[PDB]
Amino acid sequence: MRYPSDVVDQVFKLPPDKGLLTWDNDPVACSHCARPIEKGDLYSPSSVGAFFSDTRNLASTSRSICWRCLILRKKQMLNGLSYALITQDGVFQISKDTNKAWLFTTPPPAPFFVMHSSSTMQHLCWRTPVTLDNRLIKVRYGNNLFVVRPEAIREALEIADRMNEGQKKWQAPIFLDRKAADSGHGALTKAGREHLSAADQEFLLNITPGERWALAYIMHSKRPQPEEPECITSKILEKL
DNA sequence: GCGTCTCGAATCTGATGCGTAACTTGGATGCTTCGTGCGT
Ligand SMILES: [Zn+2]
């Protein structure tokens, strides 16, 4: 895939809705997924309504929405893709911690989109940049766009295991929060501050926010075993 | 019209108890769409 809207016609294969206008002016980017809207394509003027609180993430002021985004803005699409991973084969659910560990330790090779919501249901279909290479995974968490490097996650897990190797009571070296909301998120704990070497402390302080978020779901006393997430595109298509 | 001597001294100089108790020891929110109907 190339664009967030490309997930529709490639893994959902949903035909465009009826009654959509046809573009007849100089091409302009979509207001959601930044896809160009060329002459002869199907679009619709923006009618997001007063309850749309994602104006800051709009690609442009074209006020035009391509049919793929019009599909992606349906309630069944927003709810189904709350904790989704959209790859070529299908849409997978990464809600469970084991799924997150598998994704951030053994990512799929193909381009994919990573979905995650910080509340009941949020606009995430059209805000996630594509992950071209598995070594640089871009994850959209609520209003935060994260960059996760699997090698950094593996190195941090190795550091935590080596620091907790001797002590019988397991204790995390770095303070992390699943919601990425705590005031101490990403800061070293007392055990990390006074039981780790200078190189390990410098590495743990110099990780990206996305890596902290991922370790908040992976790094624990009993590391979850990675497992393949289930196929979810069937459920979303049936509910639509 | 003073007048001067003497113009202190020893010793005690604190003891004893009490010298905390019970209860609170958080709570709530931070999402949009969709259908149906008002409605100004
Ligand atoms: Zn679009």
# chains A, B, ... in the order shown; residues from 1 in each chain; ligands from 1
>>> interface_residues(of="chain A", to="chain B", cutoff="9 Å", atoms="only C-alpha atoms (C1' of nucleotides)", output="PyMOL selection string")
chain A and resi 51-53+73-76+78+119-123
>>> select_by_dssp(residues="stretch 2-123 of chain A", states="strand (DSSP E)", output="ChimeraX atom specification")
/A:21-22,28-29,36-37,42-45,64-66,84-86,91-93,113-116
>>> write_last_selection(atoms="N, CA, C and O atoms", output="mmCIF file, in the first residue's frame")
data_model
loop_
_atom_site.group_PDB
_atom_site.id
_atom_site.type_symbol
_atom_site.label_atom_id
_atom_site.label_comp_id
_atom_site.auth_asym_id
_atom_site.auth_seq_id
_atom_site.Cartn_x
_atom_site.Cartn_y
_atom_site.Cartn_z
ATOM 1 N N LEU A 21 -19.996 12.829 -5.796
ATOM 2 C CA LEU A 21 -19.687 13.753 -6.873
ATOM 3 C C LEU A 21 -18.423 13.311 -7.611
ATOM 4 O O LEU A 21 -17.674 12.440 -7.160
ATOM 5 N N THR A 22 -18.194 13.924 -8.769
ATOM 6 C CA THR A 22 -17.034 13.636 -9.600
ATOM 7 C C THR A 22 -16.197 14.898 -9.751
ATOM 8 O O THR A 22 -16.729 15.966 -10.068
ATOM 9 N N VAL A 28 -6.368 18.146 -6.277
ATOM 10 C CA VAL A 28 -6.039 18.617 -4.940
ATOM 11 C C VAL A 28 -6.076 17.419 -3.999
ATOM 12 O O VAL A 28 -6.797 16.445 -4.233
ATOM 13 N N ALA A 29 -5.276 17.486 -2.939
ATOM 14 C CA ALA A 29 -5.144 16.358 -2.030
ATOM 15 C C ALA A 29 -6.405 16.171 -1.194
ATOM 16 O O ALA A 29 -7.141 17.119 -0.911
ATOM 17 N N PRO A 36 -4.136 12.390 -3.718
ATOM 18 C CA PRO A 36 -4.580 13.339 -4.742
ATOM 19 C C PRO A 36 -5.975 12.994 -5.236
ATOM 20 O O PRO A 36 -6.312 11.825 -5.435
ATOM 21 N N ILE A 37 -6.790 14.026 -5.438
ATOM 22 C CA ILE A 37 -8.107 13.843 -6.034
ATOM 23 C C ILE A 37 -8.053 14.390 -7.453
ATOM 24 O O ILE A 37 -8.234 15.591 -7.679
ATOM 25 N N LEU A 42 -14.086 10.085 -7.641
ATOM 26 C CA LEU A 42 -15.281 10.234 -6.823
ATOM 27 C C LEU A 42 -14.902 10.850 -5.484
ATOM 28 O O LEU A 42 -13.968 10.384 -4.825
ATOM 29 N N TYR A 43 -15.626 11.890 -5.083
ATOM 30 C CA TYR A 43 -15.351 12.556 -3.819
ATOM 31 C C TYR A 43 -16.678 12.987 -3.209
ATOM 32 O O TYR A 43 -17.753 12.651 -3.713
ATOM 33 N N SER A 44 -16.599 13.741 -2.111
ATOM 34 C CA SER A 44 -17.769 14.354 -1.505
ATOM 35 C C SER A 44 -17.303 15.516 -0.651
ATOM 36 O O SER A 44 -16.257 15.401 0.002
ATOM 37 N N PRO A 45 -18.023 16.634 -0.631
ATOM 38 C CA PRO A 45 -17.619 17.751 0.228
ATOM 39 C C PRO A 45 -17.642 17.347 1.694
ATOM 40 O O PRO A 45 -18.444 16.514 2.119
ATOM 41 N N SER A 64 -12.545 18.189 0.564
ATOM 42 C CA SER A 64 -12.996 17.073 -0.250
ATOM 43 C C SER A 64 -12.486 15.771 0.348
ATOM 44 O O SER A 64 -11.348 15.695 0.819
ATOM 45 N N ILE A 65 -13.337 14.753 0.327
ATOM 46 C CA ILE A 65 -13.042 13.453 0.914
ATOM 47 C C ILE A 65 -13.192 12.406 -0.178
ATOM 48 O O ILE A 65 -14.255 12.308 -0.804
ATOM 49 N N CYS A 66 -12.140 11.627 -0.409
ATOM 50 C CA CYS A 66 -12.232 10.562 -1.395
ATOM 51 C C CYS A 66 -13.147 9.458 -0.880
ATOM 52 O O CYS A 66 -13.414 9.347 0.319
ATOM 53 N N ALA A 84 -6.309 -2.327 15.402
ATOM 54 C CA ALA A 84 -6.092 -3.136 14.214
ATOM 55 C C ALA A 84 -4.661 -3.033 13.700
ATOM 56 O O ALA A 84 -3.931 -2.083 13.988
ATOM 57 N N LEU A 85 -4.263 -4.053 12.942
ATOM 58 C CA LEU A 85 -3.033 -4.041 12.161
ATOM 59 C C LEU A 85 -3.395 -4.432 10.739
ATOM 60 O O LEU A 85 -3.804 -5.572 10.494
ATOM 61 N N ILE A 86 -3.247 -3.499 9.808
ATOM 62 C CA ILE A 86 -3.720 -3.677 8.442
ATOM 63 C C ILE A 86 -2.525 -4.007 7.562
ATOM 64 O O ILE A 86 -1.736 -3.123 7.216
ATOM 65 N N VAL A 91 -6.623 -7.745 8.023
ATOM 66 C CA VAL A 91 -6.620 -6.855 9.176
ATOM 67 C C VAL A 91 -6.534 -7.706 10.434
ATOM 68 O O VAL A 91 -7.358 -8.604 10.641
ATOM 69 N N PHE A 92 -5.544 -7.420 11.274
ATOM 70 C CA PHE A 92 -5.287 -8.193 12.478
ATOM 71 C C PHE A 92 -5.472 -7.315 13.708
ATOM 72 O O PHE A 92 -5.227 -6.108 13.669
ATOM 73 N N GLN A 93 -5.902 -7.936 14.804
ATOM 74 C CA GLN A 93 -6.179 -7.235 16.051
ATOM 75 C C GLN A 93 -4.972 -7.329 16.973
ATOM 76 O O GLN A 93 -4.499 -8.429 17.273
ATOM 77 N N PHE A 113 -0.209 -1.002 8.270
ATOM 78 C CA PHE A 113 -0.663 0.129 9.064
ATOM 79 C C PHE A 113 -0.993 -0.367 10.462
ATOM 80 O O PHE A 113 -1.661 -1.396 10.614
ATOM 81 N N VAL A 114 -0.530 0.354 11.477
ATOM 82 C CA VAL A 114 -0.751 -0.011 12.870
ATOM 83 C C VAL A 114 -1.768 0.950 13.465
ATOM 84 O O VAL A 114 -1.629 2.171 13.334
ATOM 85 N N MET A 115 -2.787 0.398 14.117
ATOM 86 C CA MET A 115 -3.889 1.169 14.671
ATOM 87 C C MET A 115 -3.908 0.994 16.182
ATOM 88 O O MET A 115 -3.656 -0.105 16.685
ATOM 89 N N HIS A 116 -4.210 2.071 16.903
ATOM 90 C CA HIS A 116 -4.499 1.949 18.325
ATOM 91 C C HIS A 116 -5.187 3.216 18.807
ATOM 92 O O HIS A 116 -4.775 4.324 18.458
#
>>> select_by_dssp(residues="stretch 29-224 of chain A", states="helix (DSSP H, G or I)", output="PyMOL selection string")
chain A and resi 55-57+67-72+75-83+97-105+150-163+190-193+198-205+209-218
>>> residues_around(residues="stretch 198-208 of chain A", least_positions_apart="2", cutoff="10 Å", atoms="only C-alpha atoms (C1' of nucleotides)", output="PDB file with C-alpha atoms, in the first residue's frame")
ATOM      1  CA  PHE A 146       4.829   6.981  17.500  1.00  0.00           C
ATOM      2  CA  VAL A 147       8.007   5.576  15.959  1.00  0.00           C
ATOM      3  CA  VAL A 148       9.004   2.128  17.228  1.00  0.00           C
ATOM      4  CA  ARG A 149      12.269   0.405  16.331  1.00  0.00           C
ATOM      5  CA  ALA A 152      15.608  -0.821  20.315  1.00  0.00           C
ATOM      6  CA  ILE A 153      12.784  -2.821  21.908  1.00  0.00           C
ATOM      7  CA  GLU A 155      17.898  -4.170  23.300  1.00  0.00           C
ATOM      8  CA  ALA A 156      15.791  -2.672  26.097  1.00  0.00           C
ATOM      9  CA  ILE A 159      18.913  -4.750  29.341  1.00  0.00           C
ATOM     10  CA  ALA A 160      15.968  -5.324  31.675  1.00  0.00           C
ATOM     11  CA  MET A 163      19.450  -6.151  35.294  1.00  0.00           C
ATOM     12  CA  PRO A 173      14.349  -0.398  35.163  1.00  0.00           C
ATOM     13  CA  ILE A 174      12.274   2.378  33.553  1.00  0.00           C
ATOM     14  CA  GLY A 186       9.987   7.251  30.277  1.00  0.00           C
ATOM     15  CA  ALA A 187      12.002   8.122  33.390  1.00  0.00           C
ATOM     16  CA  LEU A 188      14.381   5.695  35.063  1.00  0.00           C
ATOM     17  CA  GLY A 192      17.402   1.516  37.054  1.00  0.00           C
ATOM     18  CA  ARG A 193      19.071   4.667  38.362  1.00  0.00           C
ATOM     19  CA  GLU A 194      21.186   2.907  41.009  1.00  0.00           C
ATOM     20  CA  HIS A 195      21.618  -0.587  39.531  1.00  0.00           C
ATOM     21  CA  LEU A 196      22.510  -0.014  35.851  1.00  0.00           C
ATOM     22  CA  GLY A 210       7.009   5.005  20.743  1.00  0.00           C
ATOM     23  CA  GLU A 211       9.597   2.603  22.125  1.00  0.00           C
ATOM     24  CA  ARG A 212       8.589   3.550  25.672  1.00  0.00           C
ATOM     25  CA  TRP A 213       4.937   2.982  24.768  1.00  0.00           C
TER      26      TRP A 213
END
>>> residues_near_ligand(ligand="ligand 1", cutoff="10 Å", atoms="only C-alpha atoms (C1' of nucleotides) and all ligand atoms", output="MDAnalysis selection string")
chainID A and resid 3:6 29:37 43 59 64:73 125:126
